[PDB]
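Visitor: Structure below; questions to follow.
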Amino acid sequence: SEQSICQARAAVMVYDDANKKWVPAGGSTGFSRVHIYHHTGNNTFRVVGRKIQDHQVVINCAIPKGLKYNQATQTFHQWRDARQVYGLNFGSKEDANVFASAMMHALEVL
Ligand SMILES: CC(=O)N[C@@H](Cc1ccccc1Cl)C(=O)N1CCC[C@]12C=C[C@@H]1CC[C@@H](C(=O)N[C@@H]3C(=O)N4[C@@H](C=C[C@H]3C)CC[C@H]4C(=O)O)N1C2=O
């Protein structure tokens, strides 16, 4: 059904707009294995990340056509939906490059 097109190590966060600070996605600070999954049948893509320690799914969001993916730095990238701002604090530049490669690919073929 879905094919993983990358795996990247990152601390996944979401922005608490009310208190003006980042907070760990899913409630607990730590690193996750973050995929982009391609549903090849419908040509849709989503970001899915699971905490290394306990496998909790901490992010599961769609990547819509036209998304503005902000590579704020070489190791912190972020984007928006209509509700949330998501951030990936990558474990290394190599991880960031892997994920950004796949994201930019998705945004080209959507
Ligand atoms: C128009 C728009 O939507 N603009 C958005 C950005 C954007 C532009 C275009 C498309 C989509 C998006 Cl998403 C915006 O500006 N946003 C999105 C919410 C957050 C922010 C607003 C305020 C704060 C000020 C500081 C800055 C920030 O978060 N910097 C990071 C940082 O402080 N940290 C993270 C790492 C490194 C740094 C780079 C690790 C954790 C923490 C830390 O180091 O402790 N901010 C933003 O980026």
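Numbering starts fresh at 1 for the residues of each chain in the structure tokens, the chains themselves are lettered A, B, ... in the order given, and ligands are numbered from 1 as they appear.
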So that each row is one residue of chain A with an atom at most 10 Å from ligand 1, can you give its shortest atom pair and the distance in Å to one decimal, using only C-alpha atoms and all ligand atoms, rows by chain and rising number, as a Markdown table?
Guide:
| residue | atom | partner | partner_atom_place_in_ligand_line | distance |
| --- | --- | --- | --- | --- |
| A:11 | CA | ligand 1 | 39 (C) | 8.8 |
| A:12 | CA | ligand 1 | 39 (C) | 9.4 |
| A:13 | CA | ligand 1 | 40 (C) | 7.8 |
| A:14 | CA | ligand 1 | 18 (C) | 8.2 |
| A:15 | CA | ligand 1 | 18 (C) | 5.6 |
| A:16 | CA | ligand 1 | 18 (C) | 8.1 |
| A:17 | CA | ligand 1 | 18 (C) | 7.4 |
| A:20 | CA | ligand 1 | 22 (C) | 7.2 |
| A:21 | CA | ligand 1 | 19 (C) | 7.5 |
| A:22 | CA | ligand 1 | 40 (C) | 5.8 |
| A:23 | CA | ligand 1 | 40 (C) | 8.1 |
| A:24 | CA | ligand 1 | 40 (C) | 9.4 |
| A:67 | CA | ligand 1 | 10 (C) | 8.3 |
| A:68 | CA | ligand 1 | 10 (C) | 5.1 |
| A:69 | CA | ligand 1 | 10 (C) | 5.8 |
| A:70 | CA | ligand 1 | 10 (C) | 4.8 |
| A:71 | CA | ligand 1 | 9 (C) | 8.4 |
| A:72 | CA | ligand 1 | 38 (C) | 5.2 |
| A:73 | CA | ligand 1 | 38 (C) | 6.0 |
| A:74 | CA | ligand 1 | 38 (C) | 9.2 |
| A:75 | CA | ligand 1 | 35 (C) | 7.8 |
| A:76 | CA | ligand 1 | 35 (C) | 5.2 |
| A:77 | CA | ligand 1 | 38 (C) | 7.6 |
| A:78 | CA | ligand 1 | 13 (Cl) | 4.9 |
| A:79 | CA | ligand 1 | 13 (Cl) | 4.1 |
| A:80 | CA | ligand 1 | 13 (Cl) | 5.3 |
| A:81 | CA | ligand 1 | 13 (Cl) | 8.9 |
| A:84 | CA | ligand 1 | 18 (C) | 9.0 |
| A:85 | CA | ligand 1 | 13 (Cl) | 5.7 |
| A:86 | CA | ligand 1 | 13 (Cl) | 7.0 |
| A:87 | CA | ligand 1 | 34 (C) | 7.4 |
| A:88 | CA | ligand 1 | 39 (C) | 7.9 |
| A:89 | CA | ligand 1 | 39 (C) | 5.9 |
| A:90 | CA | ligand 1 | 35 (C) | 9.4 |
Visitor: Take the selection from the previous step and output its residues with N, CA, C and O atoms, as a tab-separated table (two decimals), in the first residue's frame.
Guide:
chain	number	residue	atom	x	y	z
A	11	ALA	N	14.10	14.97	16.35
A	11	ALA	CA	13.20	15.30	17.46
A	11	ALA	C	12.04	16.06	16.84
A	11	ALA	O	12.23	17.14	16.26
A	12	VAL	N	10.85	15.50	16.92
A	12	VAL	CA	9.67	16.08	16.31
A	12	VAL	C	9.01	17.02	17.30
A	12	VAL	O	8.77	16.64	18.46
A	13	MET	N	8.63	18.20	16.84
A	13	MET	CA	8.04	19.20	17.72
A	13	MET	C	6.86	19.86	17.04
A	13	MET	O	6.72	19.88	15.80
A	14	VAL	N	6.05	20.48	17.87
A	14	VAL	CA	4.97	21.30	17.38
A	14	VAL	C	5.00	22.61	18.14
A	14	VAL	O	5.41	22.68	19.30
A	15	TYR	N	4.58	23.68	17.46
A	15	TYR	CA	4.69	24.99	18.04
A	15	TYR	C	3.44	25.32	18.83
A	15	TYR	O	2.33	25.31	18.32
A	16	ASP	N	3.64	25.66	20.08
A	16	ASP	CA	2.53	26.07	20.95
A	16	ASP	C	2.33	27.56	20.70
A	16	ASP	O	3.03	28.40	21.29
A	17	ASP	N	1.38	27.89	19.81
A	17	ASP	CA	1.16	29.27	19.42
A	17	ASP	C	0.77	30.14	20.61
A	17	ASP	O	1.12	31.33	20.65
A	20	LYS	N	3.98	30.43	22.81
A	20	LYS	CA	5.10	30.90	22.02
A	20	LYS	C	6.36	30.07	22.28
A	20	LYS	O	7.44	30.60	22.53
A	21	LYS	N	6.23	28.75	22.16
A	21	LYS	CA	7.39	27.88	22.32
A	21	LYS	C	7.11	26.54	21.65
A	21	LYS	O	5.97	26.12	21.49
A	22	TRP	N	8.19	25.88	21.27
A	22	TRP	CA	8.10	24.54	20.73
A	22	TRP	C	7.91	23.54	21.86
A	22	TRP	O	8.51	23.67	22.94
A	23	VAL	N	7.12	22.52	21.58
A	23	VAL	CA	6.96	21.46	22.56
A	23	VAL	C	7.02	20.13	21.85
A	23	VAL	O	6.74	20.01	20.65
A	24	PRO	N	7.46	19.11	22.55
A	24	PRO	CA	7.68	17.81	21.89
A	24	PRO	C	6.39	17.24	21.35
A	24	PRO	O	5.38	17.16	22.06
A	67	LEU	N	2.71	22.84	-0.50
A	67	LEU	CA	3.29	23.09	0.81
A	67	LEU	C	4.55	23.92	0.71
A	67	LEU	O	5.41	23.64	-0.13
A	68	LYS	N	4.70	24.88	1.61
A	68	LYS	CA	5.93	25.65	1.76
A	68	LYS	C	6.75	25.04	2.88
A	68	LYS	O	6.40	25.14	4.07
A	69	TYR	N	7.80	24.34	2.49
A	69	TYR	CA	8.68	23.64	3.42
A	69	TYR	C	9.86	24.54	3.72
A	69	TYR	O	10.64	24.89	2.81
A	70	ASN	N	9.97	24.96	4.95
A	70	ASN	CA	10.94	25.97	5.38
A	70	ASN	C	12.18	25.27	5.92
A	70	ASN	O	12.16	24.68	7.02
A	71	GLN	N	13.28	25.34	5.18
A	71	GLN	CA	14.53	24.79	5.67
A	71	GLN	C	15.21	25.91	6.44
A	71	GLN	O	16.14	26.57	5.97
A	72	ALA	N	14.71	26.15	7.66
A	72	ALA	CA	15.18	27.27	8.46
A	72	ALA	C	16.68	27.23	8.64
A	72	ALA	O	17.36	28.26	8.53
A	73	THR	N	17.22	26.05	8.93
A	73	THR	CA	18.65	25.84	9.03
A	73	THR	C	18.97	24.49	8.43
A	73	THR	O	18.08	23.75	7.98
A	74	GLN	N	20.25	24.14	8.41
A	74	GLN	CA	20.64	22.83	7.89
A	74	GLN	C	20.21	21.67	8.77
A	74	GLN	O	20.31	20.52	8.34
A	75	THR	N	19.76	21.91	10.00
A	75	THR	CA	19.28	20.82	10.83
A	75	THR	C	17.92	21.04	11.46
A	75	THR	O	17.49	20.18	12.21
A	76	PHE	N	17.22	22.14	11.17
A	76	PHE	CA	15.85	22.35	11.64
A	76	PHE	C	14.99	22.81	10.48
A	76	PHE	O	15.25	23.89	9.89
A	77	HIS	N	14.01	21.99	10.11
A	77	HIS	CA	13.07	22.29	9.05
A	77	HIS	C	11.67	22.28	9.64
A	77	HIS	O	11.40	21.59	10.63
A	78	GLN	N	10.76	23.03	9.02
A	78	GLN	CA	9.42	23.21	9.58
A	78	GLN	C	8.42	23.53	8.48
A	78	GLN	O	8.78	23.96	7.38
A	79	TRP	N	7.17	23.28	8.76
A	79	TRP	CA	6.09	23.60	7.83
A	79	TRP	C	4.81	23.74	8.61
A	79	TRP	O	4.73	23.38	9.79
A	80	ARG	N	3.70	24.03	7.88
A	80	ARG	CA	2.38	24.33	8.45
A	80	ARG	C	1.23	23.50	7.86
A	80	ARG	O	1.21	23.19	6.66
A	81	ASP	N	0.23	23.20	8.68
A	81	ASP	CA	-1.09	22.99	8.14
A	81	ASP	C	-1.98	24.15	8.60
A	81	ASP	O	-1.53	25.14	9.18
A	84	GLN	N	-1.60	23.33	12.65
A	84	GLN	CA	-0.40	23.18	13.45
A	84	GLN	C	0.80	23.69	12.67
A	84	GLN	O	0.79	23.73	11.45
A	85	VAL	N	1.88	24.00	13.39
A	85	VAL	CA	3.22	24.15	12.82
A	85	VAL	C	4.07	23.00	13.36
A	85	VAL	O	4.15	22.79	14.59
A	86	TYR	N	4.70	22.27	12.46
A	86	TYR	CA	5.53	21.13	12.75
A	86	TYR	C	6.98	21.51	12.55
A	86	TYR	O	7.31	22.18	11.57
A	87	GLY	N	7.85	20.95	13.37
A	87	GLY	CA	9.27	21.15	13.27
A	87	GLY	C	10.00	19.83	13.44
A	87	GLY	O	9.62	18.98	14.25
A	88	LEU	N	11.08	19.66	12.69
A	88	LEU	CA	11.97	18.51	12.78
A	88	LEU	C	13.36	19.01	13.12
A	88	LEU	O	13.99	19.70	12.31
A	89	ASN	N	13.85	18.66	14.31
A	89	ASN	CA	15.19	19.01	14.76
A	89	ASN	C	16.03	17.75	14.49
A	89	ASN	O	16.00	16.78	15.28
A	90	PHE	N	16.69	17.73	13.33
A	90	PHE	CA	17.33	16.52	12.86
A	90	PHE	C	18.57	16.17	13.69
A	90	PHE	O	19.26	17.06	14.22
Visitor: Extract, using only C-alpha atoms, all DNA, RNA and protein residues at most 9 Å from region 55-57 of chain A, discarding same-chain residues fewer than 3 positions from it, and format them as an mmCIF file with N, CA, C and O atoms, in the first residue's frame.
Guide:
data_model
loop_
_atom_site.group_PDB
_atom_site.id
_atom_site.type_symbol
_atom_site.label_atom_id
_atom_site.label_comp_id
_atom_site.auth_asym_id
_atom_site.auth_seq_id
_atom_site.Cartn_x
_atom_site.Cartn_y
_atom_site.Cartn_z
ATOM 1 N N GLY A 26 3.638 14.661 20.596
ATOM 2 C CA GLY A 26 3.221 13.484 21.329
ATOM 3 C C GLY A 26 3.463 13.545 22.812
ATOM 4 O O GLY A 26 3.115 12.582 23.527
ATOM 5 N N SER A 32 12.896 10.499 17.202
ATOM 6 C CA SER A 32 12.028 9.634 16.434
ATOM 7 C C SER A 32 12.660 9.253 15.113
ATOM 8 O O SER A 32 13.531 9.954 14.568
ATOM 9 N N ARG A 33 12.183 8.151 14.574
ATOM 10 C CA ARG A 33 12.451 7.771 13.191
ATOM 11 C C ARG A 33 11.291 8.295 12.365
ATOM 12 O O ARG A 33 10.137 7.877 12.551
ATOM 13 N N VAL A 48 5.229 10.429 8.801
ATOM 14 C CA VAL A 48 4.907 9.581 9.957
ATOM 15 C C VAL A 48 6.182 9.339 10.726
ATOM 16 O O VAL A 48 7.157 8.830 10.166
ATOM 17 N N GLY A 49 6.168 9.684 12.002
ATOM 18 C CA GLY A 49 7.334 9.511 12.855
ATOM 19 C C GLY A 49 6.981 8.781 14.124
ATOM 20 O O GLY A 49 5.940 9.032 14.720
ATOM 21 N N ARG A 50 7.883 7.911 14.525
ATOM 22 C CA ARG A 50 7.709 7.079 15.714
ATOM 23 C C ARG A 50 8.893 7.232 16.651
ATOM 24 O O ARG A 50 10.036 7.121 16.224
ATOM 25 N N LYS A 51 8.625 7.389 17.956
ATOM 26 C CA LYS A 51 9.676 7.566 18.947
ATOM 27 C C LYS A 51 10.565 6.326 18.943
ATOM 28 O O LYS A 51 10.065 5.193 18.926
ATOM 29 N N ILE A 52 11.889 6.522 18.935
ATOM 30 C CA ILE A 52 12.804 5.379 18.966
ATOM 31 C C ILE A 52 12.511 4.491 20.193
ATOM 32 O O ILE A 52 12.475 3.251 20.100
ATOM 33 N N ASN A 60 1.771 12.336 12.190
ATOM 34 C CA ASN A 60 1.102 11.607 11.119
ATOM 35 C C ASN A 60 0.312 12.669 10.361
ATOM 36 O O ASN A 60 -0.846 12.915 10.674
#
Visitor: Might you pull out every residue within 7 Å of region 96-110 of chain A, with only C-alpha atoms counted and same-chain residues fewer than 3 positions away left off, and present them as JSON, numbers by chain?
Guide: {"A": [5, 6, 8, 43, 45, 65, 66, 74, 75, 90, 92, 93]}
Visitor: For CA of residue 27 (chain A) and CA of residue 7 (chain A), quote the distance in Å rounded to one decimal.
Guide: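 Distance between the two atoms: 21.4 Å.
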Visitor: Could you check the closest approach to residue 44 (chain A) for each of A:10, A:25, A:18, A:63 and tell me which residue wins, using only C-alpha atoms?
Guide: A:63
Visitor: Using CA of residue 54 (chain A) and CA of residue 91 (chain A) as the two end points, give the distance in Å to one decimal.
Guide: 17.9 Å
Visitor: Please identify which residues in chain A DSSP calls strand (DSSP E) from the backbone, and express them as a PyMOL selection string.
Guide: chain A and resi 2-16+21-24+32-39+44-51+57-62+76-80+85-90
Visitor: Can you pull out every residue within 10 Å of residue 3 (chain A), counting only C-alpha atoms, but drop anything in the same chain fewer than 4 positions away, and send it as a compact mmCIF listing (two decimals) with C-alpha atoms, in the first residue's frame?
Guide:
# COMPACT_ATOMS: atom_id res chain seq x y z
CA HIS A 35 9.39 8.57 7.35
CA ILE A 36 7.72 9.99 4.34
CA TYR A 37 5.29 7.39 3.06
CA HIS A 38 4.11 7.46 -0.56
CA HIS A 39 0.71 5.99 -1.33
CA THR A 40 1.60 5.03 -4.84
CA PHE A 45 2.32 11.48 0.76
Visitor: Among chain A, which ones does DSSP assign to alpha helix (DSSP H) (computed from the backbone)? Answer as an NGL selection string.
Guide: :A and (93-109)
Visitor: Find the distance between CA of residue 61 (chain A) and CA of residue 2 (chain A) and write it in Å to one decimal.
Guide: 14.1 Å
Visitor: Which one of A:4, A:19, A:53, A:9 sits closest to residue 34 (chain A) if you count only C-alpha atoms?
Guide: A:9
